[PDB]
Amino acid sequence: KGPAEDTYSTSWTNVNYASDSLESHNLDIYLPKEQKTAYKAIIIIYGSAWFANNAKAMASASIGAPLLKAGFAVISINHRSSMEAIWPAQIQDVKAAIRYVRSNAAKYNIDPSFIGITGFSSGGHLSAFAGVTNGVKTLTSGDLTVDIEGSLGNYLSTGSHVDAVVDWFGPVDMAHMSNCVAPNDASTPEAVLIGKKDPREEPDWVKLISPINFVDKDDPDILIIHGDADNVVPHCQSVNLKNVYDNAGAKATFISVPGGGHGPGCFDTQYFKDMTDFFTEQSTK
Ligand SMILES: *S(=O)(=O)c1ccc(CCN)cc1
């Protein structure tokens with residue numbers, strides 16, 4: 001459970017970041033084995049089609065070790081299930097976790113001058129969504145307004161911005177999920193996220209769950225990694241995100257994994273190195 005014991009010198013597990021009693025608002029913190037005065041931080045988020053509220057250990061086991069070996073503190077967070085709270089609960093959870101880490105950095109030997117964020121599938125969606133809403137309190141489409149920043153926890157005065165994003169095959173363009181050209185029907189995970197409505201009938205909801213719509217020239221840099229044989233979230237999603245970053249004047253690096261699946265082929269030394277090199281380069285810029 002979690003990252004290999006020899007990858008970290010210090011661990012805090014099941015730290016609640018929302019000042020409540022919900023496991024969906026817990027996180028785990030790991031500091032690298034290589035001891036140092038303070039550590040730049042990476043927040044990681046599991047994928048689960050937004051359904052899981054307790055899988056932070058899976059994320060740590062999946063991509064925690066390379067980050068620790070690269071010298072970063074790793075914070076793996078839970079978020080609430082789409083089945084217990086609809087959008088924007090999940091991004092409000094992420095924002096609250098970010099505020100908790102930034103505010104409490106000193107207590108955990110964390111250097112708050114760099115906080116990156118990364119996740120796979122729905123965790124990549126949440127990571128990208130944080131990276132397109134630095135400094136953004138609310139978003140509106142038509143008559144619908146969602147509170148992105150939220151009011152969860154006891155660190156509301158702390159900033160919730162992230163400095164860099166790594167998006168592992170995240171669903172980010174739900175207007176173009178079905179056959180890469182249309183919204184999915186009410187049977188699908190994004191339908192649950194928006195309250196079990198039919199995405200094909202809810203253009204405002206679909207816009208407000210899709211971070212591709214809010215990319216701006218001033219966004220933090222992003223690294224996008226997607227397998228060209230992903231049979232769960234289509235490659236077109238990351239192609240589209242890169243095109244939007246390119247056309248918005250923002251900075252995106254897109255790495256396509258040949259033969260890569262929804263994880264398989266992607267979680268290997270080469271692309272872990274791409275992620276840790278990216279975060280390391282960003283940590284200095
Ligand atoms: S990812 O594994 O978290 C993921 C998988 C499947 C979906 C459904 C999109 N129609 C979303 C995210």
Side-chain angles (χ1 to χ4, degrees), residues 1-4 7 42-67 69-70 74 76-77 79 81-82 90 116-129 131 165-185 187-193 199 209-212 222-245 252-279:
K1 183 149 149 271
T7 60
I42 305 294
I43 292 167
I44 71 174
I45 312 172
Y46 53 78
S48 74
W50 300 290
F51 285 138
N53 65 7
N54 58 354
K56 51 180 167 65
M58 274 170 163
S60 293
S62 296
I63 74 190
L67 294 177
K69 289 124 100 199
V74 171
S76 187
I77 64 171
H79 64 73
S81 169
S82 64
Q90 288 75 27
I117 195 164
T118 183
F120 48 99
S121 202
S122 56
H125 161 270
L126 294 169
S127 294
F129 216 110
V165 177
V166 174
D167 160 24
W168 296 87
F169 44 86
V172 297
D173 183 20
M174 262 57 75
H176 307 126
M177 191 60 76
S178 171
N179 295 301
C180 286
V181 302
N184 270 318
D185 69 15
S187 65
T188 59
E190 55 259 58
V192 178
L193 183 63
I209 63 168
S210 301
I212 195 168
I222 187 170
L223 175 70
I224 308 160
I225 308 172
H226 208 128
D228 70 18
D230 189 325
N231 212 30
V232 178
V233 178
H235 189 262
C236 62
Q237 289 281 303
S238 291
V239 171
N240 293 349
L241 189 57
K242 164 73 169 152
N243 176 277
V244 167
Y245 269 78
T253 302
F254 177 37
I255 290 170
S256 184
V257 179
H262 201 62
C266 306
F267 292 167
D268 73 6
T269 301
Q270 161 170 19
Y271 303 112
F272 288 164
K273 190 180 144 51
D274 291 330
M275 166 178 60
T276 53
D277 282 354
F278 172 81
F279 276 138

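Heavy atoms only: backbone and side chains are in, while hydrogens, waters and symmetry mates are out. In what follows, residues are counted from 1 in the order of the sequence shown.
- Rounding to the nearest 0.5 Å gives a distance of 3.5 Å between CE of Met177 and CD of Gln237.
- Between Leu223 and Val165 the shortest side-chain heavy-atom distance does not fall below 4.5 Å.
- The distance from the OG atom of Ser256 to the CD1 atom of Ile225 is 11.0 Å, given to the nearest 0.5 Å.
- The main-chain N or O of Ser76 is never found under 3.5 Å from a side-chain atom of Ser60 such that the two would form a donor-acceptor pair.
- Without hydrogens or angle criteria, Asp268 side chain to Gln270 main chain gives a donor-acceptor distance under 3.5 Å.
- Using cut-offs of 30° and 60° for the angle between ring planes, the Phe169 and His226 rings count as perpendicular.
- Although no hydrogens or angles enter the test, the distance criterion places a donor-acceptor pair under 3.5 Å between the side chain of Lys242 and the main chain of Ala252.
- Atoms CZ and OG, from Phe51 and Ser122 in turn, are 9.5 Å apart once rounded to the nearest 0.5 Å.
- Shortest non-hydrogen contact noted between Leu126 and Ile45 is CB-CD1, 4.1 Å.
- Residues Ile222 and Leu241 meet the side-chain proximity criterion, which asks for heavy atoms closer than 4.5 Å.
- The structure places CD1 of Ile42 at 8.0 Å from OG1 of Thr118, a figure rounded to the nearest 0.5 Å.
- Checked against the 6.0 Å centroid criterion, the rings of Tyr245 and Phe254 do not qualify as a close aromatic pair.
- Taking both residues in full, the closest heavy atoms of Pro199 and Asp185 are given as CD-O, 3.3 Å, listed atom of the first, atom of the second, then distance.
- When all heavy atoms of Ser178 and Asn184 are compared, the pair lying nearest together is CB-OD1, 3.4 Å.
- Ring centers of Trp168 and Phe267: under 6.0 Å apart, within the cut-off.
- Of all heavy-atom pairs spanning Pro258 and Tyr271, the tightest one is CD-OH, 3.6 Å.
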Can you check side-chain contact (heavy atoms from CB on, under 4.5 Å) on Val74 and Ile44, steps first, answer last? CA-CA 7 Å; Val74 171; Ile44 71 174; 3.8 Å; yes
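- Counting only N and O atoms by type, the side chains of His125 and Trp50 include a donor and acceptor under 3.5 Å apart.
- Between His79 and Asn53, every side-chain heavy-atom pair lies at or beyond the 4.5 Å cut-off.
- Annotation: side chain of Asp167 is not in contact with side chain of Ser127 (no heavy-atom distance under 4.5 Å).
- When all heavy atoms of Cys266 and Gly261 are compared, the pair lying nearest together is SG-O, 3.4 Å.
- Interatomic distance, CG of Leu67 versus OG1 of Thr7, reported as 10.0 Å (0.5 Å rounding).
- Donor-acceptor pairing under 3.5 Å is recorded for the side chains of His262 and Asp230.
- Using a 4.5 Å heavy-atom cutoff, the side chains of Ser82 and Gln90 are in contact.
- Within 6.0 Å of the CE atom in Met275, the count of heavy atoms belonging to other residues, nucleotides or ligands exceeds 12.
- To the nearest 0.5 Å, the span separating OG on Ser238 from CG on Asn243 amounts to 12.5 Å.
- Taking all atoms of both residues into account, the shortest heavy-atom contact from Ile77 to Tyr46 is O-CE2, 3.4 Å.
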